[PDB]
């Protein structure tokens, strides 16, 4: 099913994911379609930072939901 | 108590890890370094004796203190991490990811604590048995190469610092290639920005100076630095330089005892005009100097033609004939004299340690050049008001903008005075004493000074002040016992001498007994300035002899400030021991003199020195208040002068405050 | 026709390249859109031969520089080109903007402000030149009005006109890199706070992030006041509509999390937040807090240094 991911530059990317897939699968999809490394990625949904080991079904992410991607550059 | 507690009762306290660390966290937040010492040692012993879980909680609490707390908290926690990695690296290697977690918060930490953080991380990483755990070693290499690859100066600063300290700790054949690659990459990325290259040269210079590290790497880098310096600035001594300049460009400030048909000259002004790399001259020479001192054990026969060279400069010496053609040429000229003085200061820093007498004559000629270019620069800043070059108003330029001299440069100070009026000059002595006073004021009440301990500076000044500045004190007494500008200079030298004396003797490490032996030798200089032979005397006898020597300067004192400094010196000596009448009589003498003005704070301090030490404060106030009345009757200036219509406020204020007290 | 410029930038400078620009003189739109369509590598190498071949010491080189800059700004917006070649051409425009005189940059900036008025900005990489030029205008302290006054009128023209709603956040990403005064950052944040009303909700949080890295170098009180007051007003609208939750509470939580993570990197922001929402005298506490500001404070309680002050504030 379809979700949106909005990043800090206002770029919105559409993702085709199933709720059975885990969060690092979504980070791997962002790596494929946008090139942002998954260790720098940080995902926020409804004011909750997504953990790696969970899936979309743990965070109640339904159709056409909007994720927020921020780039965590450790040093710069 | 704490060592015995945590060594014997470690099994009972092993329940209460969290309570102990809560008490440590509550104690680290306060002032009073004796408390924060206990707060550090609690963490230390908790890491020493407890289990691995409590060790993990200790490291977590320390990273909490670093990432969150204030400057004292960050300093203390970083000191604790340094002590624990130097004590137990194998224990910290289990929790090294939590220490890696401080790299998120480099934007919140001061650059000195950045140096300390990179030091503790990079001494954690580079233990020999932990080369199986190379993950941290590759990761911090990665983060340094990441930090350096940013265009932003604030990231490049942290990258340079981390690179230099990392190379320093890893430099104690493939490791030579590793430090080669690291230094070449930081030199390549730091090539473009002048402010970054200056900081790189400064950090590498500080590293080579402070740390003794594996002279094969020094042998490698010295052939690079010497060659890059000798091709960078050094050109031939042909009298016509390249560059279409509207200035009579000559080769100025040679020694002229050297051979004038030589090759080594300095292309300073054409490089400065082609800029509009010349701002990096002094730190690069500091780096070269340090590499040669570390290689040939202080033998500078590879360099010692370099202080003989002229500098390709504009005819600077008149700054009055080219008045009111105010332009960018003024900024050119002021920055030119600025770079000239920085370069000369670095030369004087370089060749002060050498014992050869003609080299000392050259260094004294360089000091005369320094003071004359300082006069020309203050004239140029007098005519051009606000156009100031910031290169990393005279009070601003005096301390921060110029290069900082060493301490061994005051080994110049052994040479005697030659007074030009009566028959080392006066104003070069003024320059040296100003520098030593400004160092002692910051240190006992300035970067390369502060890596030396205050005990080291006080210990080194004891040889470097007393038995050669007592000579200058005696010369000053001889001069003032007997045309305007030399008097103006020598008054300032007299003031600075007494200032350095007071700053030395008021040092707050003399309550401790460990430094008191030094203090005894200090009195052995002051007691032996009049007559010798009385050796191994009691302490109070040396005190009485020293104050008896110091007292008879009072007739020669030419200004109010030197009198105040003399009385504060006598007070801070006599408090090591009846003498109230001495201090009171001296203060009264200096209140009664004519003083041919006087700032109110000086006179306030002298009056609170007088009134607290007199026999009776009430009859003293009644004395001054039967003088406060004939100031109105007679003088339209009294029979107790420095009690003018101006200074009545100060006399009144001190009298009222001291009567209430 | 590409092979008769690579032999011109190789031998010498300005003797052969300066005549090639005046001899061609027909068009520089068809000669840059079509050579990229076969091989994109020949365009980035052409730019280091035209730009090295057109210095700013002479006037006819400067006008050709203005023309080549205009036509390369138009093509990166117009064409659906590859991201690689786009990154290369923006890189060359970054590397060749250092040495310009005064009056050309103000006309290029006029084309820039004209693009922010009307034009379809499908890619914000065309306005990446707009950060660095306001730096290089500021270093020239000479009458072109000096550089700082032209910079002030430039930022006034950016702030005063209406902002293109799709890419408002993108323009907020441009003021992060420019140096500003206190009055300039105050003006740009009051415009950025004025633009909160006329948007969809879910683009507000990253724009808030784009505010906070700007707020680190200027006024934080204005940004915090505007955010808190705006979402408090929206909470009042939701409550009087109640007397719209599943997106508004989500966007609120996201903004709370963003500014907590910004306070995590800038403790001055946290201290000004504690100062601003102080009770102090009893009259401020009847206008200060909200059901949005209280949640914000209780999220600030996650940060270890702010645990004590915030809970003591909420208890008192």
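Chains as they are written, first to last, in the authors' numbering: chain D, 1 to 76; chain B, 416 to 587, 604 to 707, 726 to 841, 916 to 946, 960 to 981, 1001 to 1037, 1051 to 1145, 1150 to 1168, 1176 to 1215, 1220 to 1244; chain A, 1 to 144, 151 to 249, 260 to 332. All residues carry an ideal CB built from backbone N, CA and C; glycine is no exception.
query: If you drop the 5 nearest sequence neighbours on each side, which residues of the same chain put their C-beta closer than 8 Å to that of residue 962 (chain B)?
result: Taking the second chain and counting its residues from 1, the one referred to as residue 962 (chain B) is at position 426. If we look at residue 962 (chain B) and ignore the five residues flanking it on each side, its Cβ neighbours are 940, 942, 943, 1054, 1057, 1058, 1061.
Exercise. When you compare only the Cα positions, how much space is there between residue 679 (chain B) and residue 774 (chain B)?
Worked result: The residue labelled residue 679 (chain B) in the question sits at position 248 within the second chain. The residue labelled residue 774 (chain B) in the question sits at position 325 within the second chain. C-alpha separation (whole angstroms): 16 Å.
Quiz prompt | Identity of the residue in B:1124, B:1151, B:1141, B:1201 nearest residue 1162 (chain B) by Cα | solution = Within the second chain, the letter at position 590 stands for residue 1162 (chain B). Minimum Cα distance to residue 1162 (chain B) is reached at B:1124.
* Kindly indicate if chain D contains any beta-carbon less than 8 Å away from that of residue 518 (chain B). => Here residue 518 (chain B) refers to the residue found at position 103 when the second chain is read from its first residue. Interface residue, yes.
Proximal residues, the region 56-74 of chain D versus chain B, C-beta separation under 7 Å
74
**Prompt:** At a cut-off of 7 Å, is residue 1232 (chain B) close to the ligand SAH when judged by its beta-carbon and the heavy atoms of the ligand?
**Reply:** As far as ligands go, the structure on display features none, and thus does not contain the ligand SAH.
- prompt: Are the beta-carbon atoms belonging to residue 1075 (chain B) and residue 1013 (chain B) less than 8 Å from one another?
  reply: To locate residue 1075 (chain B), count along the second chain from 1; it is residue 507. To locate residue 1013 (chain B), count along the second chain from 1; it is residue 458. The answer is yes: Cβ separation under 8 Å.
With burial defined as no fewer than 16 other Cβ atoms inside 10 Å of the residue's Cβ, what is the status of residue 139 (chain A): buried or exposed? Walking along the third chain from the start, residue 139 (chain A) turns up at place 139. Exposed, because fewer than 16 other Cβ atoms sit within 10 Å of the Cβ of residue 139 (chain A).
Under 8 Å by Cβ, that's how I've got residue 330 (chain A) and residue 313 (chain A) pegged, so tell me the actual separation to the nearest angstrom.
-> Locating residue 330 (chain A) in the third chain gives position 314, counting from the first residue. Locating residue 313 (chain A) in the third chain gives position 297, counting from the first residue. About 6 Å separates the two Cβ atoms, so the contact holds.
Beta-carbon spacing of residue 443 (chain B), residue 491 (chain B) below 8 Å: Here residue 443 (chain B) refers to the residue found at position 28 when the second chain is read from its first residue. Here residue 491 (chain B) refers to the residue found at position 76 when the second chain is read from its first residue. Result yes, Cβ atoms of residue 443 (chain B) and residue 491 (chain B) sit closer than 8 Å.
**Request:** Quick one: which residues of the region 270-295 of chain A get their C-beta closer than 9 Å to a C-beta of chain B? List them in chain order.
**Result:** 280, 281, 282, 283
Residue-chain proximity (residue 260 (chain A), chain D), Cβ-Cβ < 8 Å = Position 244 of the third chain holds residue 260 (chain A). No - not a single Cβ of chain D is within 8 Å of the one on residue 260 (chain A).
task = Kindly indicate which three-state DSSP category residue 51 (chain A) falls into: helix, strand or coil?
result = On the third chain, residue 51 (chain A) is found 51 positions in, with the first residue counted as 1. Looking at residue 51 (chain A) - three-state DSSP - the assignment turns out to be coil, as it is neither helix nor strand.
query = How would you list, in chain order, the residues of chain B whose beta-carbon sits under 8 Å from the beta-carbon of residue 321 (chain A)?
reply = Counted from its first residue, the third chain places residue 321 (chain A) at position 305. In chain order: 483, 484.
Next on the checklist: Does the structure place the region 55-73 of chain D close enough to the region 4-20 of chain D that three or more beta carbon pairs sit under 8 Å?
Outcome noted: yes
Original post:
Rounded to the nearest angstrom, how far is the Cβ of residue 255 (chain A) from that of residue 238 (chain A), given a contact under 8 Å?
Top reply: Note on chain A: numbering goes from 249 to 260 directly, and residue 255 (chain A) within that interval has no coordinates.
Taking Cβ-Cβ distances shorter than 7 Å, what residues in chain A pair up with residue 8 (chain D)? As a working mapping, residue 8 (chain D) is identified with position 8 in the first chain. The contacting residues are 212, 215, 216.
Review point. Can you name the residues of chain B whose CB is closer than 8 Å to the CB of residue 53 (chain D)?
Key: Start at 1 with the first residue of the first chain, and residue 53 (chain D) comes out as number 53. The contacting residues do not exist; residue 53 (chain D) stays about 17 Å from chain B at best.
Residue 49 (chain D) (DSSP reduced to helix, strand or coil): Here residue 49 (chain D) refers to the residue found at position 49 when the first chain is read from its first residue. Residue 49 (chain D) falls in the strand class under three-state DSSP.
What in chain A is Cβ-close to residue 833 (chain B), meaning under 9 Å?
For this step, residue 833 (chain B) is matched to residue 384 along the second chain. Those do not exist, as residue 833 (chain B) stays about 16 Å from chain A at its closest Cβ, beyond 9 Å.
query = Alpha carbon to alpha carbon, how far is residue 697 (chain B) from residue 685 (chain B)?
reply = Position 266 of the second chain holds residue 697 (chain B). Position 254 of the second chain holds residue 685 (chain B). Straight-line Cα distance between these residues: approximately 11 Å.
Practice task
Identify the contact partners of residue 46 (chain D) in chain A, using a Cβ-Cβ distance below 8 Å as the criterion.
Solution key: As a first step, residue 46 (chain D) is located in the first chain; it is residue number 46 there, counting from the start. Going along chain A in sequence order, the residues near residue 46 (chain D) (Cβ under 8 Å) are 265, 266, 269, 270.
(message) What does the alpha-carbon distance come out to for the pair residue 271 (chain A) and residue 230 (chain A)?
(response) Within the third chain, residue 271 (chain A) is the residue found at index 255, counting from 1. Within the third chain, residue 230 (chain A) is the residue found at index 224, counting from 1. Answer to the nearest angstrom: the Cα atoms are 11 Å apart.
* According to DSSP, is residue 16 (chain D) helix, strand or coil? -> Translated into the one-based positions of the first chain, residue 16 (chain D) becomes position 16. In this structure, residue 16 (chain D) counts as strand in the three-state DSSP scheme.
*Whole-Å CB distance - residue 90 (chain A) paired with residue 142 (chain A), under 8 Å assumed*: For the purposes of this step, residue 90 (chain A) is taken as the residue at position 90 of the third chain. For the purposes of this step, residue 142 (chain A) is taken as the residue at position 142 of the third chain. At roughly 29 Å, the Cβ-Cβ gap does not stay under 8 Å, so residue 90 (chain A) and residue 142 (chain A) are not in contact.
task: Note down the Cα distance separating residue 202 (chain A) from residue 655 (chain B), rounded to an integer number of angstroms.
output: As a position in the third chain, residue 202 (chain A) is number 196, starting the count at 1. As a position in the second chain, residue 655 (chain B) is number 224, starting the count at 1. Going by the C-alpha atoms only, they are around 58 Å apart.
*Does residue 76 (chain D) come within less than 8 Å of chain F when only Cβ atoms are used?*
Reference to chain F is not applicable here, since the protein chains of this structure are D, B and A.
Start-to-end residues for the beta strand (DSSP E) that takes in residue 7 (chain D) | For the purposes of this step, residue 7 (chain D) is identified with residue 7 of the first chain, where counting begins at 1. Note, residue 7 (chain D): beta strand (DSSP E), 2-7.
Rank B:572, B:582, B:523, B:518 by C-alpha distance to the C-alpha of residue 538 (chain B) and give the top, closest one. The residue you call residue 538 (chain B) lines up with position 123 of the second chain. Of B:572, B:582, B:523, B:518, the residue nearest in Cα terms is B:582.
Check your understanding: My guess is that residue 178 (chain A) and residue 216 (chain A) are in contact by the Cβ rule of under 8 Å, so how many angstroms apart are they, rounded?
Key -> Indexing the third chain from 1 puts residue 178 (chain A) at position 172. Indexing the third chain from 1 puts residue 216 (chain A) at position 210. Yes, they are in contact, since the Cβ atoms of residue 178 (chain A) and residue 216 (chain A) sit about 4 Å apart, within 8 Å.
| said: I want to see whether chain D comes within less than 8 Å of residue 565 (chain B), judged by CB atoms only; does it? | reply: Locating residue 565 (chain B) in the second chain gives position 150, where the first residue counts as 1. Judged by the 8 Å Cβ criterion, residue 565 (chain B) is in contact with chain D.
Which runs of the alpha helix (DSSP H) fall wholly inside the region 37-91 of chain A and span at least 4 residues, in chain order? 41-50, 59-78
How many angstroms separate the CA atom of residue 629 (chain B) from the CA atom of residue 728 (chain B)? Position 198 of the second chain holds residue 629 (chain B). Position 279 of the second chain holds residue 728 (chain B). Cα to Cα, the separation comes out at about 8 Å.
- prompt: Given a limit of 7 Å on CB to CB distance, which residues of the region 609-641 of chain B reach chain D?
  reply: none
- Query: residue 469 (chain B): buried (16+ other C-beta within 10 angstroms of its C-beta) or exposed?
  - Reply: Taking the second chain and counting its residues from 1, the one referred to as residue 469 (chain B) is at position 54. So residue 469 (chain B) counts as buried.
_Cross-chain neighbours of residue 477 (chain B) in chain D, by beta carbon under 8 Å_ = Looking up residue 477 (chain B) in the second chain gives position 62. The contacting residues do not exist; residue 477 (chain B) stays about 19 Å from chain D at best.
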